[PDB]
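Numbering (the entry's author numbering), first residue to last: 1 to 208, 210 to 223.
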Ligand SMILES: [Fe+3]
């Protein structure tokens, strides 16, 4: 079983991913760890990539893509979930041609739908209990709305991390995702539009009841 998953920052994508690869026993291949296996453990491609990195440059796709495929072959031999790559349409199209050339089928693409404005807001609405950071508090998600200026769960003092209030970096990351011309949503639409031709199933998830979404999906797989 081979899955792609797409979703903006603050859609709980990593969470849904995790739930999926547990239930179906898949290897969660994330775009960061690909470069670690390579650029760390020094593969032929890692070595060539690091020359670009060490210069202030991004890796070109004809290095990036072969790398993604090598990780999928070796770590993904029994089923994989790809999160975070492809970020764009040039990458998406190249990825898909590379996949066909190596005969790896996609079985499901998953897209977590969520409006730009609502996504920013779940990032910004997110407060951390000082007693236990796992205690989920969010001004903008009702189910988990905090209790005054203190933790919904245990009533400890809760603060904001200022990476969550960095509208600079959040909008840069979202300008890329919600880019329907050639960015991440364009990458997902590209797959959506060939789902039937290629015979994979494309699953849309309403990103706005954390565990009623976790079985709109569990239901739709195998
Ligand atoms: Fe707490």
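Where is the CB? At the ideal position from N, CA and C, for every residue including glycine.
Please classify residue 12: is it buried, with 16 or more other beta-carbons within 10 angstroms of its beta-carbon, or exposed? Taking the first residue of the chain shown as 1, we reach residue 12 at position 12. By the 10 Å Cβ count, residue 12 comes out buried.
Mind checking whether the beta-carbon of residue 156 lies closer than 6 Å to any heavy atom of ligand 1? Working through the chain shown from its first residue, we reach residue 156 at position 156. Yes, ligand 1 has a heavy atom inside 6 Å of this Cβ.
Beta-carbon proximity check, residue 111 vs residue 196, cutoff 7 Å: Translated into the one-based positions of the chain shown, residue 111 becomes position 111. Translated into the one-based positions of the chain shown, residue 196 becomes position 196. No, they are not a contact pair.
Where the alpha helix (DSSP H) containing residue 29 begins and where it ends: Locating residue 29 in the chain shown gives position 29, where the first residue counts as 1. Boundaries for residue 29: no alpha helix (DSSP H) harbours it, while the beta strand (DSSP E) harbouring it runs 27-30, taken from the DSSP string.
Helix, strand or coil at residue 178 according to DSSP, with G and I counted as helix: On the chain shown, position 178 is the one that residue 178 refers to. Three-state result, residue 178: coil.
With respect to the beta strand (DSSP E) encompassing residue 116, which residues constitute its N-terminal and C-terminal limits? Indexing the chain shown from 1 puts residue 116 at position 116. Unbroken run through residue 116 is the alpha helix (DSSP H), 116-124; no beta strand (DSSP E).
Would you tell me roughly how many angstroms separate the C-alpha atoms of residue 131 and residue 160, rounded to the nearest one? Taking the chain shown and counting its residues from 1, the one referred to as residue 131 is at position 131. Taking the chain shown and counting its residues from 1, the one referred to as residue 160 is at position 160. Take the alpha-carbon of residue 131 and the one of residue 160: they are about 14 Å apart.
Assuming residue 202 is part of the beta strand (DSSP E), what are its boundary residues? Translated into the one-based positions of the chain shown, residue 202 becomes position 202. Element bounds for residue 202: 201-206.
Does the distance from the C-beta atom of residue 106 to that of residue 200 stay below 7 Å? Looking up residue 106 in the chain shown gives position 106. Looking up residue 200 in the chain shown gives position 200. Note that the C-beta distance between residue 106 and residue 200 is below 7 Å.
Residue 176 and residue 123 - do their beta-carbons sit closer together than 7 Å? For the purposes of this step, residue 123 is taken as the residue at position 123 of the chain shown. For the purposes of this step, residue 176 is taken as the residue at position 176 of the chain shown. Contact flag unset, no.
Quick check: the Cα distance between residue 181 and residue 20, rounded to an integer number of angstroms? Here residue 181 corresponds to residue number 181 of the chain shown, with the count starting at 1. Here residue 20 corresponds to residue number 20 of the chain shown, with the count starting at 1. About 29 Å.
Under a three-way DSSP split, which group does residue 107 fall into? Within the chain shown, the letter at position 107 stands for residue 107. Looking at residue 107 - three-state DSSP - the assignment turns out to be coil, as it is neither helix nor strand.
Can you find a heavy atom of ligand 1 that lies under 6 Å from the Cβ of residue 132? Residue mapping note: residue 132 aligns to position 132 of the chain shown, counting from 1. Yes, ligand 1 has a heavy atom inside 6 Å of this Cβ.
What whole-angstrom Cβ distance do residue 26 and residue 79 have, given they're in contact under 8 Å? Start at 1 with the first residue of the chain shown, and residue 26 comes out as number 26. Start at 1 with the first residue of the chain shown, and residue 79 comes out as number 79. Indeed they touch by this definition, with Cβ atoms about 4 Å apart.
So, are the CB atoms of residue 140 and residue 121 less than 7 Å apart? Locating residue 140 in the chain shown gives position 140, counting from the first residue. Locating residue 121 in the chain shown gives position 121, counting from the first residue. It is a contact, given that the beta carbons lie within the stated cut-off.
Considering only residues of the stretch 72-103, which uninterrupted beta strand (DSSP E) runs meet the minimum length of 3 residues and lie entirely inside it, listed in chain order? You should have 80-83.
Relative to ligand 1, is the shortest distance from any of its heavy atoms to the C-beta of residue 150 smaller than 6 Å? Here residue 150 refers to the residue found at position 150 when the chain shown is read from its first residue. Checking the Cβ of residue 150 against ligand 1 gives no.
Neighbourhood of residue 215 by C-beta distance below 6 Å, restricted to the same chain and skipping five residues each side: As a working mapping, residue 215 is identified with position 214 in the chain shown. Excluding its 5 nearest sequence neighbours in each direction, residue 215 has C-beta neighbours in its own chain below 6 Å: 19, listed in chain order.
Is residue 63 near residue 48, with beta carbons less than 7 Å apart? Residue numbering aside, residue 63 sits at position 63 when the chain shown is read from its first letter. Residue numbering aside, residue 48 sits at position 48 when the chain shown is read from its first letter. Yes. Within cutoff.
Any chance the CB of residue 153 is under 6 Å from a heavy atom of ligand 1? In the chain shown, counting from the first residue as 1, residue 153 sits at position 153. Checking the Cβ of residue 153 against ligand 1 gives yes.
Are residue 61 and residue 94 touching if we call contact CB-CB under 7 Å? Numbered from its first residue, the chain shown carries residue 61 at position 61. Numbered from its first residue, the chain shown carries residue 94 at position 94. Residue 94 sits close to residue 61, with the two beta carbons spaced by under 7 Å.
Which residues bound the alpha helix (DSSP H) around residue 18? Taking the chain shown and counting its residues from 1, the one referred to as residue 18 is at position 18. Per DSSP, residue 18 belongs to the alpha helix (DSSP H) from 13-23.
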